[PDB]
Each structure stands twice: as C-alpha cells, then as structure tokens.
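Taken one at a time, structure 1 and structure 2 that follow are two forms of one protein chain, written as structure tokens.
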Structure 1
C-alpha cells in the first residue's frame, strides 16, 4: 500500500501532479495524520504543501490545489490547512492567501476564501536590528492591504464584495494602520506611484462610505495617533498629502 512523507508530497506538489496524490487521503486516514502535522510541514518555515503548490504554478495553475483542499476537508482539517502560517526572514504569519494575492492569482484567492481562508491574516514584519530597519516590504500586513498596495483592484473588489467572507475596509493591522495608512506607507513620490496610490485611496474611501456610511475611513487613527493625512505629512509623502488636502478643499467648496 502507498506511503507518503514530506519529500514525496513536496515533490508531487512542486511538479504539480494531481495523479501522484492518489492514495494520500486513504493514507492520512488509516495512519491518523493530517496535512498540518509537522512531518508534512517544512521545519524551516512552517509551510505546508499549499504554499508550495501556489509557489509552483504552470500556466498560472497547480492542479494539486483542489485535491489538497478536499483531502484536508475530509480529514477534518480544512481551515487549519488553509490558514497554516509560515515565516521567512521578512515576515511571520503569512498564509496561502497572501501568496495567491502576491502572485496575482484571483482564481486561487477566490477558492481559498470560499473554503475558509482568514481574510484578516497578518503577515507581520520581522526585524534584526535593535530598532526595526525596514528590510521587509511593508504593505499593511492584511490581505486587502496587500491587494491595494500591489494595485489589484479586482482582488480588492472580490475581497470586500464576495458572498462568502468579506475583508473589512476598516481593519487595522498590528501598527493600527488601515488600508489608507498602508497606501501612504508605500507611497514614494514618483509620479506613477502617486498616480495609483491616489486612485486606490479615493476608490477605497468611497467604497467605505458606501458600505459603512457611519464611518470616515481617513479619520481612523494608527498607534502613533495619526490619520493617513498626518502620517503622510510626518513621513514626507508630498504627493498623497497634497492630493488629500486638495480633495478636502474641493469637498468643502
């Protein structure tokens, strides 16, 4: 009968071979194992085979993915499997959903949300200097904030509008930063950057006033006590700052 271990499983999933997964469910069941058990995770990083599949796509797809999710379900393990956190040198708490967004894979973003992905999982920055040296790309930790900061308006739409589990526009990360605070973080002052950050900022403000008319999104304050306007001024984000200021004169006029 058919044995699985970690290098067997990771070789199958990195090749993206659904057929090699035959007998895996039965094996897990008869041996009373799960895909989240340490022997099926990469000891160095915490990665299960799902991040592995999602990092080894062939024409945007890895057909082990649907089969892994179903196996996890049938082993009473689906939420845990989907949300198993991993780490590298830049972030801890990263999940499959973060990867699917970063890789720009809307189809896998949907699949994973549909099957119970944590839409608010935080990819928290790691640091090695006495004071945080900023070696990680800061995008506001959260799945929605990543989609905004990587200019993926369709994923931003899906995440906030889908019929299964919606990411909250008002959500704040470990720094108390909302999506608008994170868009100020990634703002450099180059013109194409000012272009999209500004468009995405304005898109999300409207979206929020539509869904949550009782809330001003740019009023919500991080743990420095700063709005996105004031954070923009403290950190020299001229472009986003002037845009916001210019919008307020318009909306007061």
Structure 2
C-alpha cells in the first residue's frame, strides 16, 4: 500500500504536484488520521500542509489545495483544517486565510471562506520590531483589516457581501482597533498611500452605515480611548486626519436653511 508522513506530504505540496497525493484519502480513512494531527504539523511553526501550499505557488497557483480541502471534508476535519493556527518569529495565531490575503489571491480567499474559514482569526504580533526588513507590519490583526491595509477592495467587497459568512465591520482587535484605526495605523504621509487609505476609509463607512445603521464606526474607541480621527492627530497622520474633518464638514450639509 501507499504510506505517508510529514516530509513526503510537505515535499509533494511544496513542489505543487497533485498527482502525488493520490491514495491519501484511503490512507487517512484506514489509519484513522487527519491532516490536523501533530505528526502532519511542522512542529516548529505549527503549520499544516495548507499554509505550506499557499507559500509555494507556480505563478499564483498551487493545485494541491483544492483536493486537500476535499479530503479534509471527507474525514470530518474541514473547519478545523482551514482554521489551524500557526506561528513564525513575527506572528502567532496566523491562519491560511491571512496568507491567502497576504499573497493577494482572490480565488483562494473565496474558496476558504466558502468552506468555513474563521473571518475573525486574529494574527497577533510577538516581540516588537523596526521599520527595516521585519515582515511584522501591524495591520489590525483581522482578515478584513489586513485586506483593507493592503489596498484590496474586491476582497473587502467579498468579505462583507459574500453569502456564506460575512466579515463584521464593527469588529475590534486586541488593541481595540477597528478597520478604520488600522487604516490610520498604516497611513504614512505620501500622496499615493493617502489616496487609497482615504478611499478605503470612506468606502467602509458608506458600507457600514447601510448594514448597521444603529452604530457608528468612527464612534467606537480603542483601549487608548481614541477614535480614528484622534489617533490620526496624535500619531501625526496629516493626510487622513484632514480628510475626516473635511468629510464631516461636508456631512454637516444635512442642514438646509
């Protein structure tokens, strides 16, 4: 018979060969194992094969992934498999969705959500960093906040509008930061950054006001006690700060004389 283990399975997925995975389903069923078992997790990180699949793409496409989820579904292990948290020196509590968003793959993002991904999995930092090469980069922890801070409107649209399970815009991270707070966090003072940060900020309020009309986003405070506007002031984010003021003056035009 055909027998499997971590290194073999990790080689198959890292190379990206779907032909190698045949008779894996049968192995798991007979030996009574799942892909989330410690023996198939990289002990150093906690990564299963799914992240490793997403970290090795042949022009944005690893073909092991679709079958991996099909197999997971046939062993009563789908929700667990997708949401399996791993860690590196930069982050703990990462998930397959974070990588899917990070690498900017709409398709794999769509797939995971539809098959039961946790849209509120928080990628928390570890020990802290500099600006120089340090793939840390605080983005607000949540998948929505990550996508927002990397200029990916279609993912934001999907995460909010999808049929299976939607991403709550009101959701706050460990710092107390909503997606708006995150947009301020990343906001540097260059016009092209300020372009999309401003654009994404306004799109979200417009989106939220509709869905949850009895709650204002920019009204929610963080653990410092600050709002997106005030935090922009304190941390010195000029471009975004002006825009929020410049916006509300325009919103005061709900007052005809």
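If you superpose the two forms and keep the largest set of C-alpha atoms that fall within 1.5 Å, you have the rigid core. Numbering follows the first chain given and starts at 1.
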{"property": "Displaced residue between structures 1 and 2, judged on C-alpha after the rigid core is fitted, out of 135, 176, 116, 153 (threshold 2 Å or more)", "result": "135"}
{"property": "Core-aligned CA shift between structures 1 and 2 for residue 243 (Å)", "result": "0.8"}
{"property": "Cα shift between structures 1 and 2 at residue 59, which is computed once both forms share a superposed rigid core (Å)", "result": "2.3"}
